[PDB]
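Taken one at a time, structure 1 and structure 2 that follow are two forms of one protein chain, written as structure tokens.
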Structure 1
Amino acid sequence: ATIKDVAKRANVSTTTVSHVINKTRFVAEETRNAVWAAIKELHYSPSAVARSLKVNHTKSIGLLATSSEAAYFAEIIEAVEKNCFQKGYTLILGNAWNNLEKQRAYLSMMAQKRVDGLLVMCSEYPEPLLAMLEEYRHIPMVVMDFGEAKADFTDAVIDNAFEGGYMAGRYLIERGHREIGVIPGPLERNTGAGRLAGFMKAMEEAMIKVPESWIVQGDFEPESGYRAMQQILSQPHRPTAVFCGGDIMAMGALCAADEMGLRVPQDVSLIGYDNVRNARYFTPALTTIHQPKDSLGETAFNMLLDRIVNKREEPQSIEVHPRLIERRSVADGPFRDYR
């Protein structure tokens, strides 16, 4: 169970055992064999803890997420894991739930577990967080959900959420719409505010005013979707189309209309944002802006690995791009032909 024990059966030095276990130097066949034999009977499993102590790296990665259930989230993480595996890494998944303490806790356990690098996905970034995060500038780390490039000590990957909001708005416009509504994700977030402003910009350009009774805040959870949509058509004058800050919340919105007996999109058009795996199977097939979730994983990993192996020190940042998916939840507005 210990290298020595193997070395004994082998009738060889522990150095030899190491060497053949790692092809780190030439070893006589006859020798290599004996070691293996030993390694087999003794049913040895080289301790990575041992190794990690000497070589100075755990070959493990720590992802400090916000939540692992939410479809959006769930998708990215499964990608990141894909990468770790294929590249030799081990993933340590941690969810802070946007809890400062919880954050500082997980952050600390990881430093102690000595992770080669950190993948951050905290959603909101108040200074107090930006602070502890700094405190760990030593661990190589890339944040995947910043709007811009918040800190100067980590890599970023920008989703261009705004350009997505803008994309969503345009469509709606070029479809015949002028009385639109919007349910955005928590403003304390990129995917919240960012997607929204991108949208409010196409609006300004269109010369469209979004009456505030038509703007109800969500939290990326189907219920809020439900409750907001409810609050939008629960009014005397209601929009003809609505842009939903995220698909799960969209799904929330879809329900309420059905329960209010409104037809989507015959009565109301809905445009979501995320394009999660189940979206097409929404009823009706949800039209939405698709965020490259996979490349967001791989691209994050990749930058980290860089800093890791090539011991990079300067902070990078890489952009990705959302692309409009067209489905069946949007219908022509009152102004299509008048364009």
Structure 2
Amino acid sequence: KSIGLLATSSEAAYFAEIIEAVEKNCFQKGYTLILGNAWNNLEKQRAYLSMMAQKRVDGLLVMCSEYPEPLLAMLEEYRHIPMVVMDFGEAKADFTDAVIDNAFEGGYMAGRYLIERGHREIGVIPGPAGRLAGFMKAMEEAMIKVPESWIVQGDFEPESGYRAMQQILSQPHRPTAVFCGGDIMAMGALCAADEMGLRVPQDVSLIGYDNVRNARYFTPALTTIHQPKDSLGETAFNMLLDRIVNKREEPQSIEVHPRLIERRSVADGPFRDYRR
């Protein structure tokens, strides 16, 4: 029949691939999709909420960065209509289905991979997460110092990755490897390096995060961490139906794990002078 979808940003970096999968599933199961897209404003979501209760939608699905009292209270009134509140992060014992992405585990692997490969002078282009924390613990264990000037934030978009890579690489002393907190951002990092005349991985190694579909088709093929994006969505979908048909009122836990995908963007570092 019909299902609503109250997001924060369909055309967003992190959430992007998830909604798509949701879309393809409805269509597959010949459903009607009522897309809502607020932007962190109690009114708008309030509207998208009531308007959805109006169309007598057969199931609600929420995806929000935050979940404040106002929001959660609102998500309470409309508790007559089935729903799924994807809570990315803090397992708050409220009633929202929290997803465990093991971001920290991912940041750690990237960090460890570079170390094992022989790099000690590393750079980071973070987003605006647990990833950073994990990458930082591996550097801690290895006693690697990370110059502040070697850390530049991006916005998940290519151009931000472009400018961050430029600034890091344009210093008297630069790193031999760089960890990028998002594949799309790495595309921009890859472009800036080449435009500066640097070779990858020859002159600079690089590892991203997410493992988007086109990642294997970058130049060169990008070594990155695979975060199951179009799997977490097919799950929430299935969870929704069950929640309505089998009438499964009880909540669930959507947990996943990262995995390193080795390709051609990383080379041996100067410090392979210890262990084979």
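In this text, rigid core is short for the largest set of C-alphas that superpose within 1.5 Å between two forms. Residue positions are counted from 1 along structure 1's sequence.
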Quiz item: When the rigid core of both forms is overlaid, which of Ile215, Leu93, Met260, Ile208 is the one whose C-alpha moves 2 angstroms or more between the two structures?
Solution: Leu93
Quiz item: Is there a C-alpha shift of 2 Å or more at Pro239 between the two structures once the rigid core is superposed?
Solution: no
Quiz item: Hey, does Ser224 budge by 2 Å or more at the Cα between the two structures once the core is superposed?
Solution: no
Quiz item: Is there a C-alpha shift of 2 Å or more at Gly181 between the two structures once the rigid core is superposed?
Solution: no
Quiz item: Once the two forms are fitted on their rigid core, how many angstrom does the CA of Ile77 move between the two structures?
Solution: 1.5
Exercise. Superpose the two forms on the rigid core, then give the C-alpha shift of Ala151 between the two structures in Å.
Key: 6.1
Quiz item: Quick one: CA shift at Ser317 between the two structures, core fit, Å?
Solution: 2.8
